[PDB]
Amino acid sequence: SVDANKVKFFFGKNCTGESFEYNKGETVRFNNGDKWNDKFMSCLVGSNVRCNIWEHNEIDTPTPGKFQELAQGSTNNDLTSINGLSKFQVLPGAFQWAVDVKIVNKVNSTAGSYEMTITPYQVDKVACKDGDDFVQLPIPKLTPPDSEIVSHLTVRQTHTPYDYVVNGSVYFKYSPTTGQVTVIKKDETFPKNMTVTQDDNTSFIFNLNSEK
Ligand SMILES: [Ca+2]
Ligand SMILES: [Ca+2]
Ligand SMILES: [Ca+2]
């Protein structure tokens with residue numbers, strides 16, 4: 001059986017062919033240059049976890065790709081309507097949606113010595129050091145989705161001089177229309193020394209262009 005707290009995916013309708021298992025609060029990419037990215041046919045999604053699948057994380061481009069929000073507490077004997085899912089997100093009942101975040105040096109030619117800490121509206125604050133892989137920032141029940149969640153971004157060198165590099169605020173927003181996340185940043189809250197580019201749908205890459 002499927003656990004109410006985990007998910008599982010099989011390469012054959014009615015659970016046949018091959019088997020796979022995924023814990024809550026994880027993200028994977030299953031693709032090999034557009035062919036066997038699918039690797040699914042029957043899956044089960046526990047009554048206290050959700051799945052979110054995204055073709056090629058389309059950025060509201062002039063072609064909508066393929067996307068499905070596997071309803072928390074359901075079984076899918078076939079999803080071939082949405083063969084398009086080169087990215088997979090598996091999230092607990094505690095977390096409504098989650099966002100890929102990463103840090104890149106555009107001035108500090110050292111890495112690891114630069115540590116960024118982000119904390120959205122009373123969430124589990126997350127700190128990552130420039131050189132680790134993409135961090136995941138889960139967000140709890142955020143209803144209505146089109147609301148703007150207040151968030152705080154602060155980045156500080158872990159090595160002398162270790163002053164606050166920048167300290168400011170940011171705003172995140174969600175859209176269930178295509179499971180898109182969008183970030184709103186203004187000179188009144190966000191600094192002019194870091195910027196964040198939308199590398200993909202639900203994927204944000206912060207680059208530091210001024211140590212001040
Ligand atoms: Ca594909
Ligand atoms: Ca989109
Ligand atoms: Ca299929």
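Of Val123, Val104, which residue is more than 16 Å from ligand 2 (Cβ to nearest atom), free of Cβ contacts under 8 Å to residues at least 40 places away in the same chain and assigned by CATH to the domain that holds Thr177? Let's see the steps before the verdict.
Working: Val104 fails: free of Cβ contacts under 8 Å to residues at least 40 places away in the same chain.
Sole residue among the options that is more than 16 Å from ligand 2 (Cβ to nearest atom), free of Cβ contacts under 8 Å to residues at least 40 places away in the same chain and assigned by CATH to the domain that holds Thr177: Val123.
Select from segment 66-121 the residues that are among the aromatic types (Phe, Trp, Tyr) and closer than 20 Å to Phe10 by Cα and list them in ascending order. Give the derivation first.
Taking segment 66-121 first, the residues among the aromatic types (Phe, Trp, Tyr) are 67, 88, 95, 97, 114, 121.
Passing the criteria: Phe67, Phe88.
Scan segment 82-112 for residues that are crowded, with 16+ Cβ neighbours inside 10 Å, within 16 Å of ligand 3 (Cβ to nearest atom) and not aromatic (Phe, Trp, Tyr) and report the count.
Number satisfying all stated conditions: 5.
Are there strands (runs of 3 or more DSSP E) fully within segment 3-80 with at least 3 residues that are surrounded by 14 or more Cβ atoms within 10 Å (Cβ to Cβ) and either not β-branched (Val, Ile, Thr) or not assigned by CATH to the domain that holds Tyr174 (or both)? List them. So that I can check it myself, show each step before the final result.
On the way: elements: 7-10, 19-22, 26-29, 42-45, 49-54, 74-76.
Of the strands (runs of 3 or more DSSP E) lying wholly inside segment 3-80, those with at least 3 residues that are surrounded by 14 or more Cβ atoms within 10 Å (Cβ to Cβ) and either not β-branched (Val, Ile, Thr) or not assigned by CATH to the domain that holds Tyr174 (or both) span 7-10, 42-45, 49-54.
Hey, among the residues in segment 30-60 that are more than 14 Å from ligand 1 (Cβ to nearest atom) and among the β-branched types (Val, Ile, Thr), which one's nearest to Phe9 (Cα to Cα)?
Start the filter on segment 30-60 by keeping residues that are more than 14 Å from ligand 1 (Cβ to nearest atom), which leaves 41-52, 59-60.
Still in the running and among the β-branched types (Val, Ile, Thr): 45, 49, 59.
Details: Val45: 9, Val49: 14, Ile59: 26 Å.
Per the criteria, the residue is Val45.
Hey, does segment 113-122 have a residue that's surrounded by 15 or more Cβ atoms within 10 Å (Cβ to Cβ), charged (D, E, K, R) and more than 17 Å from the chain's Cα centre (by Cα)?
Yes: one or more hits.
Looking only at residues that are of a type outside the set (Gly, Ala, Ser) and free of Cβ contacts under 8 Å to residues at least 40 places away in the same chain in segment 57-69, which one is farthest from ligand 2 (Cβ to nearest atom)?
Within segment 57-69, the subset of a type outside the set (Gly, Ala, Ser) is 57-64, 66-69.
Add one more test, that the residue is free of Cβ contacts under 8 Å to residues at least 40 places away in the same chain, and what stays is 61-63, 66, 68.
Working: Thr61: 8, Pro62: 11, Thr63: 10, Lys66: 11, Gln68: 13 Å.
For segment 57-69, the residue satisfying everything is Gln68.
Given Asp163, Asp133, which one is closer than 30 Å to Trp36 by Cα and not assigned by CATH to the domain that holds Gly65?
On the way: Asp163 fails: closer than 30 Å to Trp36 by Cα.
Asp133 is the lone residue from the list that is closer than 30 Å to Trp36 by Cα and not assigned by CATH to the domain that holds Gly65.
Ideal geometry is used to build each Cβ from the backbone, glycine not excepted, and the neighbour counts take in all protein chains shown. Numbers and lists here come from the model and the stated rules, or from a named source; no laboratory instrument gave them.
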